[PDB]
Each structure stands twice: as C-alpha cells, then as structure tokens.
C-alpha cells in the first residue's frame, strides 16, 4: 500500500504517489492535476475542490478559502485581524482561536481552520484512492518553511482528521529540491534557489544541501503576491474596456466581477502557451454578453511591475545568504505562476542565462517531492 505526497496550498492542492519506480501526479474527477483549496456549505451538501470553487459567485458567504492563512494562529494574531477584512465569509473568536462561521443545512455552524483543511485533504485522499483502487492511510504533507510549531501541529491535525497517518510534515522548498533529486549529492555543499510564485504567495528560499542534509540559508518574498493579483490586473483592464464598449461600470456588481475574474484566470492560463486568448462570458452584467480577446504582450504590460517585483526578494535572499548569483548551482521553479513565460525570462535573465529546473509542472513539483519522501520513509 503506497503512501501519498500532498501539497496543501493556499489556493490549490496537489497529490502524487510513488510506485513502480516513478511519481505520478493524480488527476481529479474533472481531469485537473491540481484541485482548488475550497470548501462550500449549502442547504444540503458540503462541496470540496472544483465543485466548491465553481459556485463561489453564487454562495460567497458560505464558501471558505484561504484557510492556510488562519491555520494554527490565534484570533488576535495581527495577520488574522488584517486578512479577515477582505474575506466574504465570517471569522469568529472561540478561545482566542479563529473559526469560520457559515450556514450549513439551514443551521449556523463554525469550523476550525484545521477542520476546513481536513476537508481539502479528504478530497485529495479520495482523488488518490480513485486512482489506486484501495484506501490510502499514510501521507507526507507539506508546509511553508516559515510555519511555526503550532501551524505544523494544526496541519498534522488536519491530516489525521482526514484519516491519514502523517509520516512527516516537511517544508515546501525541501520537497521541491527532493523532486529534482538535489539531495543525493554526497559530501559537498550545493546551493539551491527555490523560486515559488503561487496563487496567493511568493516565497524565495536558498538551501544549502550537504550530504543529504538541508540548511535554510535565507528566505524572502511577499505573502500577498501571486497569480490572484495578475487576475486582478486583467479584471481591471476588462472593466475599463466594458466601460468603452457599453458605457457601464460593472465594478460595484459583485456577481459580474467574480465571473469576470474566473474568465480572466482561464485566459491567463491560455496565454502561457498561446499568444492570444478569447473571453466569452454570457450574461455578464445586465444580461449583456462580453466577448473579447487579449494578447500575451498586452497581459505582460498590465503586470510588468508585479513581475519585475519578484526579483527584489531574490536579491535580498542572496545578500542574506552571502552568496553571489554565480554560486547558485540550481534554480527550481515552483508554483503555477512560474509557468508564465515572462516570469521565466525575468528570472533567467537575472541569473545571466542559467538553466531553470522546470521539467516538472511547477504547480506539481512540491507534491512530486513529497511523494518521493513518503516512499522513502515507508
């Protein structure tokens, strides 16, 4: 019975398994190789993953996301106090722990962040069991390098609630290095840079690996910079375009903005492999259809300042590690936003043409490495 690797991300999660000498990343029921970290509560059902994210515009008060931003924290944590201003669901205080309060089956209910994350993990466990044909009981689960003991405990709790024996909680940059086999070196220091740009967060880690032992030399980044911010630049662009073609400002209509946002996220993904993308939204605002298009070059202009901003944390990490650009042996791309061609060009140019490790889909590389480690531990 194989153990699984699970990357429990802020915006998406991913599961892999190592068997028959290789990793497979497991697609969900819809064929998607990652699954939104979303849970929705209705009058009759609990929805998780794609089904929950697909109805967010219809049920914003009872659709929970961003639980990783709360997990293991106190209610009075300044991070919790700040983040809650921007969520459409209610957060409450229960013994200085935060809980998310929703309507579910006609009653008011509240859940700890680890309970929300346990539902995401249950879905990832079910995705793996559908592929394998038998129940999964052991897993390695990943966390950010900055997580403290309480955040690590609550993540482990989420896994046990989901019915997994948690073999280990390991750092995301460590898992990404394992995916590329960077910890097999032997005697000799290797300096590795992990550049992780996800849906909601940006993390740079510099690791020194010596005889299979990992040392974090420096970390940098921005906890509120990710693909969602690129989506938002596209939304604002199309809001201005809809004003031109229809004389109407749709920005105060919550429904229309959320649906435009979903369409922008899809067009953005297309622009990673095509030079143009079409937007086709029926009945966007006031029954009016919105059909338009955008080029990859225009998208890069709209985000040029955000893309460029990722290089300053790299410079800072190198200064803190007391390393020059040329001393970094391997550059590893992690996170779905590193699939954007312009982001790859900026990092490669900054490193004066060095190779990028990107042969594993960047949004899957952490789960890939977690699955390898789970097999090693078993």
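Residue numbers count along the first chain shown, from 1.
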| item | value |
| --- | --- |
| Between 265-273 and 289-297 (mean CA B-factor, as deposited), the higher | 289-297 |
| Per the entry, higher mean C-alpha B factor between 44-52 and 320-328 | 320-328 |
| Among 73, 190, 99, 308 - the residue whose C-alpha B-factor is largest in the record | 190 |
| Candidate residues 158, 141, 213, 175, the one whose C-alpha B factor the record puts highest | 213 |
| Chain-relative CA temperature factor third for residue 202 | lowest |
| Third of the chain's Cα B-factor distribution that residue 60 belongs to, per the entry | middle |
| Third of the chain's Cα B-factor distribution that residue 230 belongs to, per the entry | middle |
| Residue 94, C-alpha B-factor rank within chain (lowest, middle or highest third) | highest |
| CA B-factor placement of residue 116, once the chain's modelled residues are sorted into thirds | lowest |
